[PDB]
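Below you'll find the structure, written out as structure tokens, and then a few comments.
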């Protein structure tokens with residue numbers, strides 16, 4: 003019944019957190035962080051990705067501030083890799099993927115860059131001597147090719163040379179921008195980062211999503227008009243999945259509570275829609291995606308009527324669900340959020356956690372059985392560490408500030 | 003020996019704080035806050051000053067967050083005043099002094115308007131519904147008439163209608179700008195107010211002061227050139243007194259350590275000179291001003308050779324010295340600072356504190372005897392509340408944030 | 003903004019509490035506790051009432067557990083008084099009032115007898131060797147003559163010989179029954195006391211009061227039919243005042259939250275009507291009684308249309324209101340409650356608290372000006392100690408359990 | 003029932019402590035500390051006593067460590083006095099009493115010299131730059147004239163020139179020696195001080211008082227043989243009163259518990275008899291001296308059969324009893340000691356504490372009415392501060408070490 | 003960035019500590035504690051060493067105070083061994099090494115005897131019934147054969163029958179004398195041991211080392227004259243290595259700060275050279291031994308110009324360095340010290356820590372690679392437990408006093 007803000011529960015979280023930090027260290031390769039498989043081994047053919055490398059940089063900055071030996075070393079390894087092979091020393095920014103043999107993907111993807119921004123901002127909290135310089139440059143690359151001052155939104159991607167930008171606008175790239183902007187804000191207080199976050203949110207969530215029963219529209223045209231039918235011919239395709247992706251909805255919910263908390267931290271009454279929409283997104287994720295087909299677990303994608312499409316149970320959606328449950332609980336003090344949190348934890352240790360091979364499974368059947380791959384651990388901190396910290400400042404900043412278990 | 007961060011000492015501090023909060027409540031007048039005498043009674047002839055009203059608003063905002071019944075009411079009263087008689091509903095800003103019958107001094111003085119800015123920013127920490135609006139307005143007045151974007155420094159004064167500004171630039175008005183700016187920053191988290199703080203300081207302190215044996219130059223010309231000879235003719239005129247007034251020097255010291263803390267708070271390695279010049283100003287104050295004439299206490303004014312001019316022991320100087328002692332202790336951990344703090348407290352209860360008539364005496368003999380008036384209580388928080396709080400965020404913000412005694 | 007559960011605010015409350023404990027100790031007389039006046043002097047003309055003596059036994063039982071010397075002495079004195087002259091050693095129970103010259107009022111009043119029960123129960127929390135025996139006896143009297151087993155409610159009063167009970171039924175006697183039952187429950191855990199309390203509440207509040215816009219109906223005939231007309235022609239009369247007396251409404255609200263908490267404390271989900279009706283009574287009190295006539299303060303009585312009658316501002320109503328704000332804040336975390344709490348504290352120090360003569364003024368005219380009796384300090388604990396403790400166990404029990412400031 | 007180690011009780015103790023510190027402040031005279039009267043006025047005819055000056059030095063060293071401004075100044079004043087007129091700069095040691103004109107009593111009294119030792123040892127805990135030098139000189143005087151290496155006990159007194167020691171031996175001088183030795187041990191860790199303490203206690207308490215039903219024999223001859231009849235011709239006379247002085251008995255009790263604690267603090271199992279005899283003395287004190295004549299309170303002197312002689316209730320005996328009660332509770336956790344403590348506090352606030360004129364009354368008649380006088384406050388710390396500290400290290404050392412309320 | 007005094011870091015340290023305690027329990031052999039191998043197995047051929055046995059007694063006294071089941075049993079085993087086969091029941095003291103068949107090495111080694119003194123003093127903190135007896139006897143052996151009252155320094159060794167002492171004096175034997183003396187002082191509170199410690203250090207460090215650029219000279223002739231060339235014929239032989247061994251330098255640093263803390267605790271201002279030289283020894287160790295040959299880590303020995312000799316990276320040197328970093332940080336609050344600590348922890352988990360086979364590796368190449380014995384864990388408490396305790400009292404005493412994590 004009572005788990006939040008209790009030391010007994012938090013100790014359990016910390017212990018699982020260590021099991022996860024330990025699992026991730028096996029990803030260290032020369033050009034950064036490799037792709038970990040079902041037993042924690044590296045999948046060379048996957049090479050070294052930008053998004054995975056930036057996330058880890060962020061992940062071990064948190065671990066370093068938690069006083070773990072070797073984490074800081076991984077942070078140094080992350081900074082050097084962001085100044086290495088992955089960095090396009092010719093056109094700027096970072097390549098999408100590279101291996102020891104050279105570049106595998108030279109495309110410049112927005113979401114992957116905002117993750118670079120997050121990594122840098124979090125790396126700054128560790129005080130690493132090269133971190134602040136990495137963030138400065140990253141902020142430059144962002145403002146030069148990913149943040150549109152005319153649209154006041156984020157772009158999707160570009161070719162290596164940054165010659166032509168894709169005629170597509172997405173909710174995922176802008177969501178990770180809001181995520182990164184929050185931390186850049188915490189380590190700069192340059193007002194623009196927060197306003198830009200609130201701006202991205204008022205558009206994709208308070209405007210579009212909210213008028214559609216809180217089902218986030220992911221695809222927009224270059225003029226920022228919803229492209230509802232996008233990918234309607236490739237329904238099961240995960241990448242840019244047709245319809246709405248509920249996991250994203252709930253993640254968006256939390257981010258807005260962090261926006262809410264940031265404003266409150268500076269004695270500023272936050273706009274009421276942040277909390278309203280956060281709940282809206284939270285309830286809509288449970289309404290359409292939680293156990294809608296005869297079994298527990300969150301389905302991956304849903306159509307515009309609330310009906311499931313991809314019913315596989317992928318790991319991160321429920322992980323984000325827990326993080327959001329905690330955020331809502333923190334601002335509402337409403338027990339229903341803690342009940343969902345506890346319920347989701349029971350599900351996780353029942354079907355997702357793998358104590359035999361390490362970490363948690365990537366995804367399961369619509370019947371929650373293992374069937375395809381665990382290259383990420385970054386999301387896990389949102390249900391393992393976030394519940395031990397206030398909502399402001401952000402994740403890394405708060406740990407670095409010694410706020411862990413502050414409310415317990 | 004050990005007082006800082008001890009609950010026993012802090013309880014003592016809190017109890018005297020209440021004695022003083024109580025003393026000040028009697029200043030309440032229809033147009034704002036009156037001028038209190040040696041027995042806690044209002045001196046009607048003095049009328050209602052803008053600087054006293056603004057300071058009192060600041061003061062009770064702190065008391066309000068400390069949970070003192072009545073305080074919030076006085077805050078409301080202060081905001082009503084800042085919106086009423088004191089305000090120039092024609093040219094903007096506030097009149098220097100007014101009364102029940104009309105305006106007494108329509109001039110618009112910088113330092114007084116900066117206290118207006120501090121008062122509104124502090125009031126914002128109480129959450130009073132009319133506070134934020136008051137601050138925004140004050141921000142307008144300040145950026146239009148007192149903060150010079152071209153000079154990148156603060157002006158001194160304007161006539162009522164703001165037709166022409168005074169061909170003078172003073173360290174005091176700009177010092178209270180830094181003071182107010184730090185709080186505005188705490189309740190807006192906007193980078194500029196802090197950038198403006200450092201700027202003001204790099205000039206008046208790191209440039210001029212540091213090159214003048216840390217004796218702060220007070221009077222300047224419209225081109226910010228030091229007018230060392232200012233008032234060398236006129237007598238011991240307190241108003242823009244000739245030479246250097248040490249109390250201000252030690253005050254600048256603390257202000258820069260608050261600036262230091264703010265930068266550290268947002269994970270930014272602060273300039274090494276904030277702390278260097280802090281120590282410098284501290285030492286210089288003791289050097290020329292502490293017991294230089296056969297008796298304990300701080301002299302009021304000193306000349307460019309460091310020789311006392313006005314030898315009267317005014318209250319606020321030693322009060323600020325204590326505050327600065329605490330700040331330097333917090334950032335250096337050097338025991339000499341704590342020794343001075345205790346040394347100064349003993350002096351205060353022995354010669355300044357008036358348990359008989361209330362509050363503290365405002366000024367003493369060169370021999371520490373009461374002679375020729381207790382209109383302020385704002386300074387006292389610097390030696391009664393600041394020692395119970397971290398250096399970041401500022402006074403009012405920290406109390407409202409529940410940081411009182413956090414380090415004890 | 004934030005006072006509840008903050009050590010700074012609670013320190014203020016404690017210090018005021020000590021000022022009140024000191025004031026009431028001047029009421030000690032040979033037969034029990036006297037009636038204190040405006041300067042804290044005994045008004046021996048008033049004699050020694052049963053209710054005042056029972057209340058003081060309760061008050062100093064709290065003071066005693068708070069570690070105040072002398073307090074226990076008053077508790078001992080209170081018990082001896084309950085076993086002495088005040089006790090009807092012929093027919094049982096206690097006279098309504100006596101003096102050094104004999105019995106002044108031999109009537110057996112219910113509410114006073116229930117206060118006797120509260121007194122005995124609280125005294126038991128001190129461990130005084132004679133308290134338990136006093137409570138056991140008090141139980142007999144109560145179950146024998148004041149808790150109608152047939153009516154499942156409380157009787158009003160009896161003649162000295164308990165031969166005929168009054169043909170009237172009131173809310174006040176039954177409300178103080180609830181108040182006392184909660185504590186007996188805390189010191190016995192005999193299910194009946196809590197059940198009886200719920201029963202009383204369900205009838206007077208959930209059934210009657212709730213159907214009449216949460217305006218509590220005080221007068222009933224022996225068949226428990228409300229006598230809405232009762233005392234009509236005598237409006238200004240306060241004994242069994244005509245219409246509704248809001249002060250009682252809000253008090254019932256708190257008591258019901260204590261029942262709520264009592265049930266949660268034994269891992270039982272409480273019925274929702276408790277919290278629902280508490281909010282109803284609270285809002286109902288603000289609606290009709292708070293500043294309804296162009297001046298702050300709670301009116302004493304109101306009619307069935309919510310229109311005022313006795314517009315004097317009596318002390319206990321706003322004191323109880325504050326206690327209820329705290330109880331409701333504690334169960335909903337809704338800040339509106341804390342705001343009222345602070346607003347009322349500012350009102351109390353501005354017009355009620357008397358630092359010059361001691362304690363608080365007991366009454367003000369409709370314009371909040373002091374009229375001219381300062382007996383009772385019992386109510387004050389509800390706004391001074393209650394806010395520093397959980398809602399379960401009850402007041403005296405909680406302090407004896409060492410829970411003072413447990414949530415701060 | 004529960005006061006020991008509760009913050010509520012300890013806050014009460016501290017507040018009363020401040021009321022007492024303030025009182026003693028007026029004793030400051032050019033030669034040290036004067037003799038305070040019933041209104042806190044200096045009774046000039048009494049002059050400046052060594053024992054009073056030494057005690058006050060000890061007292062304000064505690065106050066200084068508690069963070070009280072002005073206290074350290076008094077410590078400084080005390081040290082200068084111990085190096086001024088009171089000090090026999092010709093023969094060594096200190097005159098018993100002096101005034102502004104000269105030496106009033108040149109005798110070298112042992113109990114007063116041990117208070118000098120206590121005062122210095124306590125002053126050392128404040129860090130005062132002259133404290134150590136004072137302690138070292140005091141130690142030299144002690145070993146030179148008051149600690150008999152041949153007798154392995156303390157001497158009584160000498161003439162001004164230290165050429166003729168008194169042909170008498172007393173327990174009071176040896177008892178204060180133990181009290182001082184404990185603190186010297188705390189600020190030096192030279193085993194000899196604690197070993198001498200044990201030796202003194204083993205002889206006077208364990209080898210003599212214990213065989214006398216725990217009635218401490220105070221008068222001995224030079225061969226340390228008891229002089230039971232000492233002054234049988236003038237019982238009523240205070241100085242070296244006939245028979246036993248119970249206040250001393252219970253005080254020896256506490257001192258042996260601090261000794262017990264000191265041994266525990268160095269991981270050494272303390273002899274069983276220290277605790278056994280402490281219980282012994284405490285019991286005997288209640289037996290013969292507590293309310294044995296029809297009214298509460300402790301009588302001053304007792306006959307060898309346990310019969311009262313001097314029945315006036317002096318202040319310190321009960322003050323010390325409370326301290327010992329705390330010490331025995333701490334080592335036995337037996338509630339009976341806490342009950343006595345509370346009972347005695349009730350007695351104190353009722354008969355001894357004087358809130359009207361200041362401090363506490365020094366003496367009351369057999370019926371507990373103020374008689375005839381407030382020259383001491385040193386004993387009061389034993390019931391006001393001792394209870395907030397562990398038994399090791401001693402009073403001044405523990406406060407200086409930041410142990411106030413450590414167990415609360 | 004921030005690890006010291008953070009619960010999150012200390013939890014990491016406690017958990018590794020348990021892993022370490024678990025590894026050492028396997029060393030139990032009938033005659034005391036055996037020599038453990040790289041897989042935690044007993045190397046029977048090495049037999050039972052006095053130094054190892056004494057170190058484990060010490061180690062498990064700490065584990066026992068930390069509440070670990072089994073620990074106290076190992077403490078008991080340790081005491082039995084020190085009273086058994088190891089003890090020379092004919093000439094006194096202990097044999098340097100023995101096995102089940104008899105005595106392997108009958109020489110009486112000073113540094114091993116001082117470890118016996120440390121083990122006994124540490125054992126005393128557990129309260130074991132036979133500890134004090136062992137400590138008492140060890141004291142007698144030490145004062146009779148290893149502490150020279152004429153030299154005011156420690157002797158090196160003797161033959162079995164104690165007929166002739168070695169014509170040599172070493173800094174190592176005297177260093178562990180200071181280490182043991184500190185703990186003897188904590189369990190005897192006899193300044194004699196702290197005086198002897200302060201004396202040892204004033205000679206070995208403030209005298210010699212400080213004048214040789216803080217390069218500690220360890221080989222001396224019987225007249226205490228440095229033997230700079232000692233073992234130049236065996237420049238790669240770790241035993242009494244030629245030149246300087248930095249590991250020892252930094253260790254002396256920490257020891258002197260414990261000595262500093264010890265003096266502070268008894269309110270005695272400590273000699274400034276303790277902290278000054280500690281800083282000096284710290285800097286010297288980094289200057290000459292940290293990464294001086296193209297790879298991270300500390301070299302084992304260095306010549307008189309600071310040039311490396313033995314370049315293998317032995318375990319204990321860096322472990323001691325982290326301990327000293329903590330102590331310096333604790334007394335200077337200077338960030339560089341924490342940065343080194345963190346930097347060194349990252350190195351340890353990277354190359355030294357062996358989760359695969361248990362404990363940590365004992366030695367590495369100049370390239371930090373493992374090669375061709381894990382007989383110790385005593386050193387590990389200096390980087391695992393010391394950072395969770397204050398500097399006074401010492402390690403075992405402080406844990407037994409409940410100070411673990413007191414500053415976090």
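Protein chains in written order, with the authors' numbering: chain E, 3 to 304, 306 to 375, 380 to 415; chain C, 3 to 304, 306 to 375, 380 to 415; chain B, 3 to 304, 306 to 375, 380 to 415; chain A, 3 to 304, 306 to 375, 380 to 415; chain D, 3 to 304, 306 to 375, 380 to 415. Every residue, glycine too, gets a C-beta built ideally from N, C-alpha and C.
- Annotated three-state conformation of residue 221/E is strand, per DSSP.
- Contact between the segment 86-95 of chain E and the segment 8-23 of chain E is absent, with fewer than three C-beta pairs closer than 8 Å.
- The secondary-structure analysis by DSSP pairs residue 390/E with nothing; it has no beta-bridge partner.
- The Cβ of residue 191/E sits closer than 9 Å to at least one Cβ of chain C.
- For residue 24/D, no pairing in a beta bridge is given by DSSP.
- Under a criterion of Cβ atoms nearer than 7 Å, the residues of chain A adjacent to residue 8/C are, in order, 69, 409.
- At least 9 Å separates the CB of residue 318/C from every CB of chain A.
- DSSP, read as helix, strand or coil, puts residue 116/C in helix.
- Residues of chain D with a Cβ closer than 9 Å to the Cβ of residue 34/E do not exist; the shortest Cβ-Cβ separation is about 18 Å.
- Rounded to the nearest whole angstrom, the C-alpha separation of residue 392/A and residue 64/A is 9 Å.
- Contact check for residue 316/D against residue 368/D passes: the beta carbons are separated by less than 9 Å.
- Taking all protein chains in view, the Cβ of residue 230/A is surrounded by fewer than 16 other Cβ atoms within 10 Å, so the residue is classified as exposed.
- Residue 365/A and residue 353/C have their C-alpha atoms spaced approximately 28 Å apart.
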